[PDB]
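> experimental structure and sequence below.
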Amino acid sequence: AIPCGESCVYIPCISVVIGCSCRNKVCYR
């Protein structure tokens with residue numbers, strides 16, 4: 001799993017374009 005730094009705590013991941021999915025409130029690939 002790749003931590004994208006960004007999280008989906010407040011709002012969903014913007015890093016979804018990179019393939020980062022909202023996983024445990026954090027954006028992980």
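Sure, I can see it. Numbers count the residues shown, from 1 in each chain.
> can you verify residue 5 is assigned to a helix?
No. Residue state for residue 5 (DSSP: H, G, I helix; E, B strand; the rest coil) corresponds to strand; a helix is not indicated.
> can you get me a residue count around the nearest residue to residue 2 once chain neighbours are set aside?
Spatial nearest neighbour of residue 2, chain neighbours left out: residue 29 (3.8 Å); criterion: C-beta to C-beta, 6 or more residues apart in numbering. To be clear about C-beta, it is placed using only N, CA and C from the backbone, and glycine gets the same treatment. Other residues near residue 29 number 14, with proximity taken as other C-beta atoms under 10 Å.
> try residue 5
Other residues close to residue 5 by other C-beta under 10 Å number 9.
> for it, list the residues it contacts.
15, 27 (C-beta atoms under 8 Å, 6 or more residues apart in numbering).
> how close does it sit to residue 12?
15 Å (C-beta to C-beta, to the nearest Å).
> what is the end-to-end distance of stretch 22-29?
End-to-end distance of stretch 22-29 (C-alpha to C-alpha, to the nearest Å): 8 Å.
> give me the buried positions along it.
For stretch 22-29, a neighbour-count test (16 or more other C-beta atoms under 10 Å) marks 22, 26, 27, 28 as buried.
> pairing partners for the residue most central in space within the chain in the sheet, please.
Centroid check for the chain by C-alpha atoms, centre = their mean gives residue 27 as the closest residue, at 1.5 Å. Note on residue 27: beta-bridge partners residue 22, judged by DSSP bridges.
> also residue 7?
Beta-bridge partners, per DSSP bridges, of residue 7: residue 26.
> give the contact list for the residue nearest to the centre of the chain.
Residue 27 neighbours (C-beta under 8 Å, 6+ apart): 3, 4, 5, 6, 7, 8, 13, 15, 16, 20, 21.
> nearest residue to residue 14 other than its sequence neighbours?
Using C-beta to C-beta, 6+ apart and skipping the chain neighbours, the partner closest in space to residue 14 is residue 6 (6.6 Å).
> can you give me the neighbour number for the one you found?
Counted with other C-beta under 10 Å, residue 6 comes out at 18.
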